[PDB]
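Protein sequences, first through last, are from chains A, B, C and D.
Quick note on the working numbering: the first sequence kicks off at 1 and runs consecutively.
Quick note on the working numbering: the second sequence kicks off at 1001 and runs consecutively.
Quick note on the working numbering: the third sequence kicks off at 2001 and runs consecutively.
Quick note on the working numbering: the fourth sequence kicks off at 3001 and runs consecutively.
Just so it is clear, CB atoms sit at the ideal spot from N, CA and C, and this is done for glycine as well.
All remarks here apply to the structure that follows.
Protein chains: 4
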Amino acid sequence: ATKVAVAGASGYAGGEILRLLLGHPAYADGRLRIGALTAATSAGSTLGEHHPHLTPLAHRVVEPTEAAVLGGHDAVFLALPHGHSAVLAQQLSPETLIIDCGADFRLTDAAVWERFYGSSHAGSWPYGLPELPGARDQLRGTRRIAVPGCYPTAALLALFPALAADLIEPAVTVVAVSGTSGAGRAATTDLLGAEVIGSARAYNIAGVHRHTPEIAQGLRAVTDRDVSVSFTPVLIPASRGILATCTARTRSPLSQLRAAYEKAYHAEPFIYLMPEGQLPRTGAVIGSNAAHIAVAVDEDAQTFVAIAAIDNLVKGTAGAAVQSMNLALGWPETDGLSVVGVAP
Amino acid sequence: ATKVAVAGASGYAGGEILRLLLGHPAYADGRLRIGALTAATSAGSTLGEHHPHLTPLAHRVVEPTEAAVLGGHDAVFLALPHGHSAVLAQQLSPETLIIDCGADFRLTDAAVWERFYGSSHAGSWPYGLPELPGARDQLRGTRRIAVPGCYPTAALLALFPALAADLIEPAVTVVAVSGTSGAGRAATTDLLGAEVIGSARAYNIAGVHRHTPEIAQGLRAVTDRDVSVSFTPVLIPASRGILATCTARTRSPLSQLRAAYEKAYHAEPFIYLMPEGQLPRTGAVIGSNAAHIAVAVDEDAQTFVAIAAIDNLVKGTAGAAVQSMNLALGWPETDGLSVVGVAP
Amino acid sequence: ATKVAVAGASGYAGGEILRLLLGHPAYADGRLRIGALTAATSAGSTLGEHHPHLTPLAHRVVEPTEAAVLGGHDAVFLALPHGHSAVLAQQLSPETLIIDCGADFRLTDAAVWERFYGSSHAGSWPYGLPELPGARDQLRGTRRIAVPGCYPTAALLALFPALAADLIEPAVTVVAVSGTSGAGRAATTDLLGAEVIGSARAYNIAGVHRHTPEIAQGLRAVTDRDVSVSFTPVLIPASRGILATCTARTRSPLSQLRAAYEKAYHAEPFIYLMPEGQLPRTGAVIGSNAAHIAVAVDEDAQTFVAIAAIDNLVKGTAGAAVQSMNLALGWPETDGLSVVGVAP
Amino acid sequence: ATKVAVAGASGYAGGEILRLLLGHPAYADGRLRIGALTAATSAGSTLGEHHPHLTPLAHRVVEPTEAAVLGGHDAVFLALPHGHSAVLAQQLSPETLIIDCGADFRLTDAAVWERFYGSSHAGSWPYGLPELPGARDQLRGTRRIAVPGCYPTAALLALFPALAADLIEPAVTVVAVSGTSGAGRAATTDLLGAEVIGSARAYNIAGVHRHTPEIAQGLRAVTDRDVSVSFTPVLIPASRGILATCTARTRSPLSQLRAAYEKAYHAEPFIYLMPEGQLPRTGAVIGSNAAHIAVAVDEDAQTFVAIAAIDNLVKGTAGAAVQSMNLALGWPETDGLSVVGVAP
Ligand SMILES: NC(=O)c1ccc[n+]([C@@H]2O[C@H](COP(=O)([O-])OP(=O)(O)OC[C@H]3O[C@@H](n4cnc5c(N)ncnc54)[C@H](OP(=O)(O)O)[C@@H]3O)[C@@H](O)[C@H]2O)c1
Ligand SMILES: NC(=O)c1ccc[n+]([C@@H]2O[C@H](COP(=O)([O-])OP(=O)(O)OC[C@H]3O[C@@H](n4cnc5c(N)ncnc54)[C@H](OP(=O)(O)O)[C@@H]3O)[C@@H](O)[C@H]2O)c1
Ligand SMILES: COc1ccc2[nH]cc(CC(=O)O)c2c1
Ligand SMILES: COc1ccc2[nH]cc(CC(=O)O)c2c1
Ligand SMILES: COc1ccc2[nH]cc(CC(=O)O)c2c1
Ligand SMILES: COc1ccc2[nH]cc(CC(=O)O)c2c1
């Protein structure tokens, strides 16, 4: 039996983890039990007040986020803002599996963490991107997992096959558009529907976004060159979805690149290379754990270009948390995680 | 090994049926296989060229909609425009399970079919609304099913308990808002995203809309009274969803009306009537076969109010279709049919 | 040269008064100047931090809302829609023209006010709905205006001609779909883009909505009979717009009804009657002071149907404010108000 | 009094042109008169059936697009489907001012035109982008105007000052998100409401887009060096808007770059630099002829970043046309083109 808690269940990330715990085959056959669901200000309320789409768990009472509530669980999902997984994992048994969606344990460079996040660095856990060279090995059987950010996921998948193959220059440029739900359920004026509907805006530009160094970190894991990352995230009128455009100087032929991408991904269950003439679209991956990827070559401009479409709440967080949890617990990697997206 | 065919596979209802089949527990242990996938002018093309979310069936070539093609399939789903299933049915073998998403076999009065469809009445098949009184027994083991339209499913599910209780009057009004997908994939110009985004409009008003008599028909099955229907559809900037507001004169206490809906729906797997103080929203049901329902009384205006939310492609078309296929084959009714919406 | 202040210049209604003044002919030829722009919080900040669409005023420094700062203005807009403003009005000299966007002074029945608001009734001022019978003559030269609510502008305009000609029954049904901008700038989670995008929901149903008596009041102004109102508001992924489906039982012919609406509107320059075979859509009036109206008869249901579309921040709020202000000052009524929408 | 004819009056470009003239001061006093409104297939329709938002022109009868009809007008706008306007162009009088929104007369290099347009090159007319250096001078008194593409307008105003100041390296990247209207009014199934809503997708990537050569061109006009452009457009669920993110390497301080954009843009009425700490957004410029630019520097990436927002129908097409018509006829450059957009 595997009893699972979720800290921050009243937020988007937590809702997305529960939808999938609901659909997990380990749930339907009882090898998985949904234990405690906690929050902060919303403790004492029913979950239907927050997640009216998770009707099976609507009667559940949101408990306070305390080590005393979260003890006695084999697995413990952390879907709260960064800074809390530090203290909170220090309070649980060593053998319980902790899956943190925050950024606390993502970066390996303490000085980068302080420059970008503005707090002390808690260290690093295995990185919940199984598709990354070497990462899958490190998830198998572990008990501490750090889920990647929603932007670094789309980009690394897009870029790492070419940079590891040495078919593109190590200075990359990423311009991603995201749906609103990647900002989180905290009520801020600038994420009101009246404001995002019919309006696009780029934010945190010129390399100040905290995901800039996360993409950098991962690409440096496939190369020995100096890596450079111009990241620019763009907010568009959508609830979910991440469409990441990724360019970098190349002199290799599209022949060689397309072959580079088939090798790295032909056996990946979740990565789907588009047929020629096709190009990813976010709307086709919504609600699925899949990533759609097209590669091309702008030879007039000696520019490689590669597009990834991922759902930011699944492959971008909760799907990667569940996928990492399948590996940590030794269950089939795809348990609970469909590749069939909900469309239109 | 139930071998299934889907005529009109490249349509919205066709892809939603296929999406659902791909997640059916029968497909997973092979008691179900996906067979011919047929269309009209898009025959010869691949399915991924139409449904990029259905990557497991993207390599499939869609064949023409011909008896030779459809034959030798135990179940055939027909997702064509009307005027086609009438002849396709005697052409197929009598023992195949035929399920028409269209309207050709929905209605039971020939004067009404002519008055609204301009063609000859085809007659009548069992109606795909298992929750309607007496429907389940008619579906168990039939081999011919007409699936309800999206709007009648909403209106009926919202009104009939209080009308079968004789607690409201039989002159109901329904104003249902709906996403764009119910209009289907045919490229009209007032369904272009530029004219749909940021605009709402009512169409087919004053009771010329073909769903009006279908609702009238469904409501007449639970009352001996003379029923009248004012029905108004209003298209809104959304890809999925149907919010149906239905009002009727009543002088019954709220308590008795509430009781009549709990008696009607407590044991119903896909019908979830909201806690007191919550109200349905479409986003809560999307991707899922649920209907979220709420009732209230406008004491001043002496008016009952029922609100209903259903996904227009799942519970209004393919979910009902698959739900009735489960019944016609004697499979657990909820198989492949989730009550958990994809939200936000 | 009339000085103009705007109390609550940072919210939506406030920003849309300024947009309209910015493009008002008196503002161009010096007759009109734009004085103090106050707010509760966010005072000390620039207006461009709030309305980056109003670049000309971007430098302006938002001030506190006090009788001090508001004193010394020929006209003062109280843009805290459906809030409170009675206290401010008593700290201003009676010679100052005050146009209140909120509902403090709309209602004519203290008992109804207390019942629906829980406050002491401030009393009543001329209703800013010029097309209403008798409304325009009470605005001419007035020093106190109450701008009507977004929904009752739509419903009154749709319904009163039929009602006044005694061609429909006084028990009416109105269902209105509306964009998120009517909820205001008030930060709240149920109004986040991720929430609103992709979903619809009726809220505040079955009599509880505060515009219900506002609709009753306007109708009782054109009939001596007792009027009930079933009003249902519905949220939709739009930022602006109000499409109101309004119904009442009738026995009068289509021709009698269509004539009544042309007798009432051929002179009114903001009401455009749809040609035979057309229907309102909100997309066609956005950013405009127009109301687009169509009428029909469901003969089977014995039901009148009227559809009206307006912009919820223009003809529904700021447009009514300015249109009435023009009249208050003896300026031409159409000054600065276009009937042409920015579409698609 | 200048008689004007719009050809393509039934399409998005056409109706936005007509919205502008209706608001034009030259229309209000009589120096401008709206004449024949023609379409390719819509002849015999009234204009309201196409543009319900231009109610003042609703009664106009759409005529066929033939030289006989278009003759007798001083100015003639050509909003004809993406090209094939050169025929019509030589069939009108040579003293008749024609503004072409198509692309047939934009390009300079016949070799580049054939490569991207598969057709023989018709020649080049003065580009209708006054902010481009030396461009305003060739528009004064012109009788041949080619309006820029929606995308080049953005990228050029985003990039040209820094390239002209020789501050950035002339290999530039552009990844622009855009609403659906820019694709025009032709009904594909890929522009269907259901499909663009909730989905992003890059299209025509890796240098196949016909705006890439138009971007290279304008940039070639401000520099000695050879310019290569990497242009990615991305469709988003919006109706109007373009948000162009443009990068290139730079070896300058942010200070020099801002000092170049202030130098270029302090005197141009429609180009709005953002206050330090503010970044552009599309919802702010919608319905106006404005363009909001901001520049930054990612020092660790040695990258210059310029963000530009414009309304794709106004500054991107129909506004540019009207603006260039003002210069053509010797009227003030801002006549009929506000800088204040319609938001939220
Ligand atoms: N959203 C995404 O797409 C995404 C992608 C990748 C990673 N993540 C990560 O997932 C985590 C959750 O973000 P979100 O998008 O879900 O935001 P959210 O919707 O607003 O919810 C965040 C959750 O954190 C809880 N919480 C806040 N402060 C807390 C505190 N002191 N103690 C305990 N619980 C607290 C909240 O409970 P209350 O209701 O009581 O406030 C809430 O349930 C973040 O760390 C994020 O980095 C998110
Ligand atoms: N979509 C909904 O929300 C919904 C809900 C409830 C019920 N329904 C019903 O489901 C049915 C399907 O409509 P839809 O929404 O899916 O619209 P749609 O997207 O246009 O689908 C139409 C499908 O039927 C095929 N088709 C068209 N004409 C054909 C012909 N002569 N012969 C054979 N195949 C033909 C088309 O193939 P080609 O590509 O070759 O043209 C296409 O695959 C309708 O009758 C509808 O009333 C729909
Ligand atoms: C707060 O602005 C937003 C809006 C949408 C978003 N989608 C994904 C993110 C990641 C992040 O910046 O945290 C994000 C941020
Ligand atoms: C015609 O535009 C629309 C928009 C949304 C819709 N949902 C369902 C339908 C068709 C119908 O079932 O009548 C429909 C049509
Ligand atoms: C969710 O709350 C909303 C949403 C949209 C709206 N449009 C107009 C209003 C006024 C009101 O309902 O009080 C409104 C309120
Ligand atoms: C072709 O699909 C699209 C979708 C959205 C668009 N917005 C602007 C354009 C102009 C262009 O690319 O020609 C466009 C095209």
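CB contact below 8 angstroms: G1071 (chain B) versus chain D: One-based indexing of the second sequence puts residue 1071 (chain B) at position 71. No, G1071 (chain B) does not count as interfacial toward chain D.
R19 (chain A) Cβ short of 7 angstroms to ligand 1 heavy atom set: In the first sequence, residue 19 (chain A) corresponds to position 19, counting from 1. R19 (chain A) Cβ: outside cutoff for every heavy atom of ligand 1.
Helix, strand or coil at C1246 (chain B) according to DSSP, with G and I counted as helix: As a first step, residue 1246 (chain B) must be located in the second sequence, where it is residue number 246. If DSSP states are grouped into helix, strand and coil, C1246 (chain B) belongs with the strands.
Interface flag, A3290 (chain D) vs chain C, CB-CB below 8 angstroms: By one-based count along the fourth sequence, residue 3290 (chain D) stands at place 290. Interface residue, yes.
Proximity test, Cβ basis, 8 angstroms: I1197 (chain B) and chain D: Translated into the one-based positions of the second sequence, residue 1197 (chain B) becomes position 197. With 8 angstroms as the cut-off, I1197 (chain B) counts as an interface residue toward chain D.
6 angstroms Cβ shell around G3008 (chain D) - same chain, five flanking residues per side excluded: As a position in the fourth sequence, residue 3008 (chain D) is number 8, starting the count at 1. Hits under 6 angstroms: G3014, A3079, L3080.
Under 9 angstroms by beta carbon: chain B residues contacting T2282 (chain C): Taking the third sequence and counting its residues from 1, one reaches residue 2282 (chain C) at position 282. Residues of chain B passing the Cβ test: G1198, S1199, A1200, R1201.
Beta-carbon gap between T1247 (chain B) and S2230 (chain C) smaller than 8 angstroms: Taking the first residue of the second sequence as 1, we reach residue 1247 (chain B) at position 247. Taking the first residue of the third sequence as 1, we reach residue 2230 (chain C) at position 230. Result yes, Cβ atoms of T1247 (chain B) and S2230 (chain C) sit closer than 8 angstroms.
Where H3059 (chain D) falls, given that 16 or more other Cβ within 10 Å makes a residue buried: Here residue 3059 (chain D) refers to the residue found at position 59 when the fourth sequence is read from its first residue. The residue is exposed, with fewer than 16 neighbouring Cβ atoms inside 10 Å.
Outcome for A1067 (chain B) when other beta-carbon atoms lying within 10 angstroms are tallied against a minimum of 16: On the second sequence, residue 1067 (chain B) is found 67 positions in, with the first residue counted as 1. Counting Cβ neighbours within 10 Å, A1067 (chain B) comes out exposed, since fewer than 16 surround it.
Residue range of the unbroken beta strand (DSSP E) whose run includes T3096 (chain D): Numbered from 1 along the fourth sequence, position 96 holds the residue referred to as residue 3096 (chain D). Note, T3096 (chain D): premise wrong, no beta strand (DSSP E); not H, not E.
Whole beta strand (DSSP E) elements within the stretch 2059-2131 of chain C, 3-residue minimum: 2075-2078, 2097-2100
Residues whose Cβ lies closer than 5 angstroms to any heavy atom of ligand 3, in chain order: A:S178, A:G182, A:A183, A:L235
Close beta carbons around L243 (chain A), own chain, < 6 angstroms, minus the five adjacent residues each side: Taking the first residue of the first sequence as position 1, residue 243 (chain A) is located at position 243. Around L243 (chain A): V177, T282, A309.
Chain B contact for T2153 (chain C) (CB, 8 angstroms cutoff): Sequence index remark: in the third sequence, residue 2153 (chain C) carries index 153 (1-based). No, no contact with chain B.
Assigned secondary structure, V2314 (chain C) (DSSP; H/G/I helix, E/B strand, else coil): Your numbering for residue 2314 (chain C) matches position 314 in the third sequence. Three-state result, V2314 (chain C): helix.
Buried/exposed call for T1189 (chain B), threshold 16 Cβ in 10 Å: As a working note, residue 1189 (chain B) is residue 189 in the second sequence. So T1189 (chain B) ends up on the exposed side.
Residue closest to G3184 (chain D), alpha-carbon to alpha-carbon, out of D:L3254, D:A3296, D:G3149: Numbered from its first residue, the fourth sequence carries residue 3184 (chain D) at position 184. Per the Cα distances, D:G3149.
Interface residues of chain D facing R1185 (chain B) [CB-CB closer than 9 angstroms]: Here residue 1185 (chain B) refers to the residue found at position 185 of the second sequence. Within 9 angstroms Cβ-Cβ: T3189, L3192, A3194, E3195.
For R3185 (chain D), three-class secondary structure by DSSP: One-based indexing of the fourth sequence puts residue 3185 (chain D) at position 185. Here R3185 (chain D) sits in coil by DSSP.
Short-range partners of chain A found in the stretch 2166-2183 of chain C, where Cβ spacing is below 8 angstroms: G2179, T2180, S2181, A2183
Touching by the beta-carbon criterion (3+ pairs, under 8 angstroms), the stretch 3015-3033 of chain D and the stretch 3318-3331 of chain D: yes
Chain B contact residues for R143 (chain A), given Cβ-Cβ distances below 8 angstroms: Residue mapping note: residue 143 (chain A) aligns to position 143 of the first sequence, counting from 1. None at all; the shortest Cβ gap to chain B is about 28 angstroms.
Under 8 angstroms between C-beta atoms of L2254 (chain C) and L2159 (chain C): Taking the third sequence and counting its residues from 1, one reaches residue 2254 (chain C) at position 254. Taking the third sequence and counting its residues from 1, one reaches residue 2159 (chain C) at position 159. Cβ atoms of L2254 (chain C) and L2159 (chain C): not closer than 8 angstroms.
Proximity test, Cβ basis, 8 angstroms: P3130 (chain D) and chain B: Taking the first residue of the fourth sequence as 1, we reach residue 3130 (chain D) at position 130. It does not; no Cβ of chain B falls within 8 angstroms.
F160 (chain A), enclosing beta strand (DSSP E) - first and last residue: To locate residue 160 (chain A), count along the first sequence from 1; it is residue 160. It is not in any beta strand (DSSP E) - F160 (chain A) instead sits in the alpha helix (DSSP H) that spans 150-164.
Closer than 8 angstroms to chain C by CB, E1114 (chain B): Taking the second sequence and counting its residues from 1, the one referred to as residue 1114 (chain B) is at position 114. Not closer than 8 angstroms to any Cβ of chain C, the Cβ of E1114 (chain B) fails to qualify, so no.
Between the CA atoms of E3195 (chain D) and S42 (chain A) - distance to the nearest angstrom: For this step, residue 42 (chain A) is matched to residue 42 along the first sequence. For this step, residue 3195 (chain D) is matched to residue 195 along the fourth sequence. Their backbone Cα atoms lie some 36 angstroms apart in a straight line.
Range of the contiguous beta strand (DSSP E) that encloses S2042 (chain C): Translated into the one-based positions of the third sequence, residue 2042 (chain C) becomes position 42. Careful: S2042 (chain C) lies outside any beta strand (DSSP E) and carries neither H nor E.
Distance, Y1272 (chain B) Cα to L1157 (chain B) Cα: Position 157 of the second sequence, counting from 1, holds the residue named residue 1157 (chain B). Position 272 of the second sequence, counting from 1, holds the residue named residue 1272 (chain B). Spanning the two alpha carbons is a distance of roughly 11 angstroms.
Unbroken alpha helix (DSSP H) run spanning residue 3345 (chain D), endpoints: Since the displayed chain D opens at 3001 and closes at 3344, residue 3345 (chain D) lies outside it and no answer follows.
Selected residue, minimal CA-CA separation from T3142 (chain D), among D:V3340, D:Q3323, D:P3275: Numbered from 1 along the fourth sequence, position 142 holds the residue referred to as residue 3142 (chain D). For the residues D:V3340, D:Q3323, D:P3275, the minimum Cα distance to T3142 (chain D) belongs to D:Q3323.
C-beta atoms of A3005 (chain D) and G3048 (chain D) nearer than 8 angstroms: By one-based count along the fourth sequence, residue 3005 (chain D) stands at place 5. By one-based count along the fourth sequence, residue 3048 (chain D) stands at place 48. Contact: no.
Cβ contact (3+ pairs, closer than 8 angstroms) linking the stretch 3161-3175 of chain D and the stretch 210-226 of chain A: no
Any non-hydrogen atom of ligand 5 within 7 angstroms of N2312 (chain C) CB: Reading the third sequence from its first residue, position 312 is the one you call residue 2312 (chain C). For ligand 5, at least one heavy atom lies less than 7 angstroms from the Cβ of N2312 (chain C).
Segments of 4+ residues assigned as alpha helix (DSSP H) that fall wholly inside the stretch 2201-2280 of chain C: 2211-2220, 2254-2265
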